[PDB]
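Structure record follows, encoded as structure tokens.
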Amino acid sequence: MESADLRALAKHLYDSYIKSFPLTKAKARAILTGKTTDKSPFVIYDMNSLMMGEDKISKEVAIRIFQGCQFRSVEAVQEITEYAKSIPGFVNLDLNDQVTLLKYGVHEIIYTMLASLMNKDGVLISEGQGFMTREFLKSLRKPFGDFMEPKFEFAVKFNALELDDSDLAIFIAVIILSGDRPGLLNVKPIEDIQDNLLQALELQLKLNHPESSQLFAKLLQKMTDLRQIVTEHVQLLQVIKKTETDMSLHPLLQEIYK
Amino acid sequence: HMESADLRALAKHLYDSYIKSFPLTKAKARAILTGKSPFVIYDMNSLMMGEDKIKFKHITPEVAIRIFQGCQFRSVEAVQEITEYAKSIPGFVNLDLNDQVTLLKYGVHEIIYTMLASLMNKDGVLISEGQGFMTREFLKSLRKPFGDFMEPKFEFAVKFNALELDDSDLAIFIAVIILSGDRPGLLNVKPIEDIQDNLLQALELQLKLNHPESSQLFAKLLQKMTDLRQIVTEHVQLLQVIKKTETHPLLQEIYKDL
Ligand SMILES: O=C(O)c1ccc(-c2nn(C(=O)c3c(Cl)cccc3C(F)(F)F)c3ccc(Cl)cc23)c(OCc2ccc(Cl)c(Cl)c2)c1
Ligand SMILES: O=C(O)c1ccc(-c2nn(C(=O)c3c(Cl)cccc3C(F)(F)F)c3ccc(Cl)cc23)c(OCc2ccc(Cl)c(Cl)c2)c1
């Protein structure tokens, strides 16, 4: 509740976010905004360039691309699980509650952090070596095209907040420590932690974006949506299953969705 | 540094930070073990009551596994506690971020063993911040490999405790283990060994003032840092073997580091 303590928490979480996630928003923007020879991505925009991209950087194309998403998603869950452990107080919660918070939190965090890798035209892939265009994804067959586009619609809205990684490190932690996840055993100690994180987020946003009116409230409002867009995801994912048994759902994802 | 006053200041800095990072000090633990009051777990029936009496945070929906999971739960807590303490080691946070992660990754296991000895005597171990005490013989008697898994910890602890180190000794010792320049994958060994050189100087002087009658205690303690490498090696092996013969994916991911 003391400023120096809230700033200390901001640095701790930012430091841990750098250690846990391979590809930051700062690196992503450097790649997307060019300026560079060395950091420049190969662009996948159609079938032919996809085949060349796998050479530079079988199953049906939309399925292959889907598996590429789930593979990274599984990695994100692992990365996020590792980040959570660094949130002061998280590993001291009831073990069942830790599982519960991760279970309902990872998807919201994945969307949030997927936005870092996106602009209105596409998404970084392969740790930023590749870039796949929105239009190519949107044009995939049967339901897979409509499956990719909502991610971009969110990202375009979220990125207009212009958060940097030090903002996102705290925002993500706030998302994890939500006392309103179904099935939680001890809501109060989770809310105690979130209160501290909310305080830290509030002070971080004012110092880092002093000219951004009510960014805190606007950022919390975005924590609103994620909840509904995650529902659409699992919904579309369910229907995909009921029509695509040519699909590998990783056990970690498998159990998250049960 | 190199002046006596500098080493004493460094010793005091590490002691104060050690006191803040760890819930149960050796001094408090020793008062409890020497009866100078905890619930005692000595068989199956008293185990069932102790999880009712003591609010265990790892009880997740067979006895020996349950106890194993409790060891893992507390260790994950210790990792975070050790991670915060490291930040107070002068120079640590200024090291290359990958090197900090590497040092912690290979150091936490040796430190957990070391500090577990603080909670142990020849007859059992304090648990749950000292509210409980589980007997050696009960742990030693667990089925399949779990019994052989617990007893080496006691065999180490009894040997280590004969050095009769106190908390101000241990605070520096723990720092020395963390700042080990021979961890695989380190990028910049020179500043790590520079700091470890300072910590070693301070440990040597601390042991001389705090144990003036203890012949070559410094050398004897460094020899014990020897062991820790190999006993941690045997530990991770048996930890692996448990997987190949025993045992949620999210829970698996929380504990993957161990
Ligand atoms: O790195 C990262 O943080 C990260 C994070 C997320 C994605 C990514 N996941 N995803 C999903 O549906 C998804 C999501 Cl959100 C959450 C859980 C499960 C799934 C799954 F299981 F159902 F998929 C996407 C749908 C469309 C798009 Cl554009 C991206 C995603 C991601 O994708 C990278 C990627 C790799 C390879 C190819 Cl080929 C492509 Cl196109 C994208 C990366
Ligand atoms: O407080 C503390 O500083 C502290 C610190 C350590 C233990 C404790 N860890 N542990 C391990 O194997 C172990 C170790 Cl050394 C190092 C790294 C990873 C592991 C893991 F990951 F593989 F486990 C043990 C094996 C046997 C015993 Cl006796 C204890 C340990 C510890 O155990 C407390 C405890 C034990 C049993 C129950 Cl039921 C409960 Cl509730 C608590 C406490």
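One-based numbering along the chain as shown.
Structure method, as recorded: X-ray crystallography, 2.1 Å.
Backbone N, Cα and C define each Cβ position, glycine as well.
Feature annotation from Swiss-Prot across A:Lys19, A:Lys120, A:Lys151, A:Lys218 places ubiquitin cross-link at A:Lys19. Listed by Swiss-Prot as binding rosiglitazone are A:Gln70, A:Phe71, A:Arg72, A:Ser73, A:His107, A:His233; the candidate from A:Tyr45, A:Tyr257 that the record includes in that site is A:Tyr257.
Among the recorded positions A:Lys19, A:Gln70, A:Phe71, A:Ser73, A:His107, A:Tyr257, the ones with a Cβ under 8 Å from a Cβ of chain B are A:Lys19. Sequence-distant neighbours of A:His233 (rosiglitazone binding site) (same chain, 6+ apart, CB under 8 A from its CB) are A:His107, A:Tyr111, A:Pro150.
Long-range Cβ contacts of A:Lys19 (ubiquitin cross-link) within its own chain (separation 6+, distance under 8 Å): A:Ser86. A C-beta separation below 8 Å, combined with a sequence spacing of at least six in one chain, links A:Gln70 (rosiglitazone binding site) to A:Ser248, A:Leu249, A:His250, A:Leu253.
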